[PDB]
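Structure first, then comments.
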Amino acid sequence: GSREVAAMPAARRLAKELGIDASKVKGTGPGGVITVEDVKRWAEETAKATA
């Protein structure tokens, strides 16, 4: 079946503090957990976009 979308605490915490949809952030952490590097890179990319 499916183990639902996972989101570790670090990524979850920052995700909520950054205001970035963790779900949209396809986590690749062990067990489908959105890793901190996943949210950090994803969230920063958004703000990185200037064009």
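Taken together, the values in this text are just the output of simple stated rules run on the coordinates, not laboratory data. Cβ sites come from the backbone with ideal geometry, for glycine too, and all protein chains shown count toward neighbours.
Please list the non-local residues whose amide H lies under 5 Å from the amide H of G29, H modeled 1.01 Å from N, same-chain partners needing a gap of 5 or more.
Amide H to amide H, under 5 Å and 5 or more residues apart or across chains, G29 pairs with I34, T35.
What distance in nm lies between label points placed 7 Å from Cα along the C-beta direction at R3 and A49?
That separation, rounded to one decimal, is 3.0 nm.
When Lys and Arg each count +1 and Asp and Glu each count -1, what net charge do the other residues less than 15 Å away from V36, Cβ to Cβ, add up to? Working shown, then result.
Details: positive: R12, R13, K16, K26, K40, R41; negative: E17, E37, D38, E44, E45.
Overall, the nearby charge balance is +1.
Would you calculate the convex hull of the Cα atoms in the chain and tell me its volume per residue in Å³?
Details: hull volume 3.6 nm³, N = 51.
Taking the convex hull of the Cα positions in the chain, it is 71 Å³ per residue.
Where in the chain are there trypsin sites (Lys or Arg not before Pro) that are in a DSSP coil and have at most 16 other Cβ atoms within 10 angstrom of their Cβ? Could you put the intermediate results ahead of the total?
Details: sites: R3, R12, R13, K16, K24, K26, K40, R41, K48; in loops: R3, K24, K26.
Passing sites in the chain are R3, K24, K26.
Which ³J(HN,Hα) values in Hz, rounded to whole numbers, follow from the phi angles of region 29-39 under the Karplus curve 6.51 cos²θ - 1.76 cosθ + 1.60, where θ = phi - 60° and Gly and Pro get x?
x, x, x, x, 8, 5, 6, 3, 5, 5, 6
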